[PDB]
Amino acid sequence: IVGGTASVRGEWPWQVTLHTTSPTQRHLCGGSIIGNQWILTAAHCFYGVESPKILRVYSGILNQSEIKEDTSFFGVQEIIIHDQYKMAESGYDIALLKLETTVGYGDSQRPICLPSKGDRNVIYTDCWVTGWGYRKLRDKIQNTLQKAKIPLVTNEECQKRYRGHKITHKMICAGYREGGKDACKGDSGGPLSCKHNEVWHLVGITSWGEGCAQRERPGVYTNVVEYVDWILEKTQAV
């Protein structure tokens, strides 16, 4: 996160750190708890990931230094990638991780609500992007979970900023016209969480952008409201 501040423990209890054990143990992507055995994340995170066996999900983490070999985690049973996904820049940048065991909800880990399909006509004014990603394009993975308040940008305005790309209504952008606050490397897959009527909603999934926090280059997120049916299809299968 560029231009963010340290989060407080328990602030974003739906936020997870997805780690990989191949070739070495490292943070791979962010993710969000959406159900007791479900993590919502980005499809681009699994480029070259051949098996769910190399993945570990850690919930209730403020600091990456909390993670050692004796730290509890959730194994991944299945990786479900949207079948229309080709690349982040083209959309459908969404995936579900079915966990091998259920998450016990508490004050350190709980699910974030998905946006209500009836509320596609609501204006979100209190949106935050969170993650352990870089503070600048040439940086490193942060120990403490960072947060940044970012204003949502219209599809029309975001399309003006990305000449040569096709910003679809399945994408949602956020950023200041002058830049300064954004997601960066390591933040992808994480949430863009918006508080409306005292309830937090998973409005976006960190996906792509031209550099980090550049002037007139908003961050591009998967517009979660447009995938509610797909999430229900996959999580509520008979």
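The first residue of the shown sequence is 1; numbering continues from there.
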**Request:** Return whichever of 121-129 and 72-80 has the greater mean Cα B factor according to the PDB record.
**Result:** 121-129
**Message:** Which is higher on mean Cα B factor in this entry, 48-56 or 184-192?
**Reply:** 48-56
**Item:** Peak C-alpha temperature factor (PDB record), options 36, 41, 207, 63
**Value:** 36
**Message:** Maximum C-alpha temperature factor per the entry, among 145, 88, 97, 153, belongs to which one?
**Reply:** 153
**Item:** Cα B factor band for residue 2 (lowest, middle or highest third within the chain)
**Value:** middle
**Message:** Using only modelled residues of the chain, where does the Cα B factor of residue 141 rank: lowest third, middle third or highest third?
**Reply:** middle
**Request:** Pull the Cα B-factor of residue 199 out of the PDB entry and bin it into the chain's lowest, middle or highest third.
**Result:** highest
**Complete:** Among the modelled residues of its chain, the C-alpha B-factor of residue 107 falls in the third labelled highest
**Asked** Sorting the chain's CA B-factors, does residue 219 end up in the lowest, middle or highest third?
**Response** middle
